[PDB]
Each structure stands twice: as structure tokens, then as C-alpha cells.
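Heads up: the structure comes next, in C-alpha cells.
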Protein chains: 2
Amino acid sequence: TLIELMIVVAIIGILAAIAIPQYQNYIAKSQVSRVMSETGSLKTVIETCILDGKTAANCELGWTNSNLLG
Amino acid sequence: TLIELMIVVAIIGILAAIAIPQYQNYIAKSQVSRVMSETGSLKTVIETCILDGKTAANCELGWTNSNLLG
């Protein structure tokens, strides 16, 4: 019947009109958190370089190129 | 039996004069709904591109041609 097909169309329209809960807030936050860890891994290597008096030029870091530029 | 034939003719004329309930409102609506689905399926791609930082050229669409240009 036509009414059944129109009900199916209405259900399709209802499902297509779902609300996306602004996922940008999540992923970006996670990315920031990741950077917070990575820069944190550079604490001790800097701190010891501060304590022993080693200069900036010869204070080597174990830093690796991160996927995020941060 | 001429009156019977004239009654038959009157019934034929009555049946032929049925009112068509403007079906154009249905089909088009359904078509629009279908587009509302298909383009919607692209959203989950574009966001994943935007949150990734990829450019327009690097964003790969899993789009297939639709018999409706929309």
C-alpha cells in the first residue's frame, strides 16, 4: 500500500535527521592531551641539563618527530 | 434494454472521472529524503578529514554516483 511506503519514507527521514553531538570537542581535546604527555617526556632531560650546568648546544634530547607538530 | 446500456455508459463515465490525489507531492518528497540520506553519509568522512588536518585533495571520498545528481 502507499501508506506503508510513506511511513517507510517518514522513518527514513526521521533517522537521517539525527543530531551529531559536536564530536570536534572530543578529538581535539585528546590531541591536546597527547601533546601534554609528549612535552612532559621532555621534562627530565631538560631538568638534568639545568642541574649539571650543561649548555643548550650540547644538551642532547631523545625527542622524536611527533605526528602532531606540537 | 437501451436504458441498461445507458446506465453502463454512466457508470463508465463516473469511474473515468475519479480524482487523482496529486501524487507528485509523494515521489519528489521521497527523492529528497533519499538525497538527505546519501549526502548525510558523507558527513562522517568530512569530519574525520577535518579533525585530521588533511587537505581537500588528500581527503578521500567513498562516494559512488547516484542516479539522482544530488
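As shown in the C-alpha cells, the chain order sets the letters A, B, ...; within each chain, residues go from 1, and ligands are also counted from 1 in the order they appear.
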
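Note on identical chains: chain B superimposed on chain A gives 0.3 Å, C-alpha RMSD over every paired atom.
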
Skip residue B:30 itself and residues of its chain fewer than 3 positions away, then list as a short mmCIF file (atom, residue, chain, number, x, y, z; two decimals) with C-alpha atoms, in the first residue's frame all residues within 10 Å of it, counting only C-alpha atoms.
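Result went into around21.cif, see below:
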data_model
loop_
_atom_site.label_atom_id
_atom_site.label_comp_id
_atom_site.auth_asym_id
_atom_site.auth_seq_id
_atom_site.Cartn_x
_atom_site.Cartn_y
_atom_site.Cartn_z
CA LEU A 5 5.72 3.21 1.76
CA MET A 6 5.08 6.74 3.00
CA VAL A 8 8.87 3.98 5.48
CA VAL A 9 9.88 7.29 3.89
CA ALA A 10 8.97 9.13 7.10
CA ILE A 12 14.00 7.22 6.77
CA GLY A 13 13.66 10.98 7.13
CA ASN B 25 3.94 15.52 -3.66
CA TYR B 26 4.87 11.96 -2.68
CA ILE B 27 7.55 10.96 -5.20
CA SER B 33 14.62 12.16 1.57
CA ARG B 34 16.91 9.78 -0.31
CA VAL B 35 19.33 12.62 -1.03
CA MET B 36 19.10 13.65 2.63
#

**Item:** For residue B:65: contacts at 12 Å, only C-alpha atoms, fewer than 4 positions along chain excluded, given as a list in words
**Value:** residues 35, 38, 39, 61, 69 and 70 of chain B

**Request:** Pick out each residue of stretch 7-57 of chain A that DSSP on the backbone tags as helix (DSSP H, G or I); I need them as a PyMOL selection string.
**Result:** chain A and resi 7-16+24-40+43-52

Resulting file, chosen residues, C-alpha atoms, as a short mmCIF file (atom, residue, chain, number, x, y, z; two decimals), in the first residue's frame:
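Result file is out_29.cif:
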data_model
loop_
_atom_site.label_atom_id
_atom_site.label_comp_id
_atom_site.auth_asym_id
_atom_site.auth_seq_id
_atom_site.Cartn_x
_atom_site.Cartn_y
_atom_site.Cartn_z
CA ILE A 7 5.58 5.54 6.59
CA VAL A 8 8.87 3.98 5.48
CA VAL A 9 9.88 7.29 3.89
CA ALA A 10 8.97 9.13 7.10
CA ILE A 11 11.07 6.71 9.15
CA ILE A 12 14.00 7.22 6.77
CA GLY A 13 13.66 10.98 7.13
CA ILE A 14 13.49 10.70 10.92
CA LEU A 15 16.62 8.55 11.04
CA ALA A 16 18.53 10.83 8.66
CA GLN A 24 35.13 18.16 17.46
CA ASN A 25 35.26 18.83 21.21
CA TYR A 26 36.44 15.28 21.90
CA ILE A 27 39.16 14.58 19.34
CA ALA A 28 40.88 17.96 19.62
CA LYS A 29 40.92 17.60 23.40
CA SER A 30 42.51 14.17 23.08
CA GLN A 31 45.11 15.59 20.70
CA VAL A 32 45.95 18.32 23.21
CA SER A 33 46.24 15.69 25.94
CA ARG A 34 48.67 13.73 23.78
CA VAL A 35 50.88 16.80 23.40
CA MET A 36 50.68 17.36 27.16
CA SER A 37 52.24 13.92 27.54
CA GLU A 38 54.90 14.32 24.85
CA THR A 39 56.24 17.68 26.04
CA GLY A 40 56.09 16.18 29.53
CA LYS A 43 60.93 17.43 31.46
CA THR A 44 63.70 15.32 33.00
CA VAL A 45 66.08 15.58 30.03
CA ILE A 46 65.84 19.36 30.33
CA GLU A 47 65.85 19.35 34.14
CA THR A 48 69.08 17.36 34.45
CA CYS A 49 70.63 19.61 31.80
CA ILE A 50 69.70 22.52 34.06
CA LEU A 51 71.12 20.85 37.17
CA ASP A 52 74.50 19.73 35.82
#

**Prompt:** What separation in Å, quoted to one decimal, exists between atom CA of residue A:66 and atom CA of residue A:53?
**Reply:**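 It comes out at 27.7 Å.
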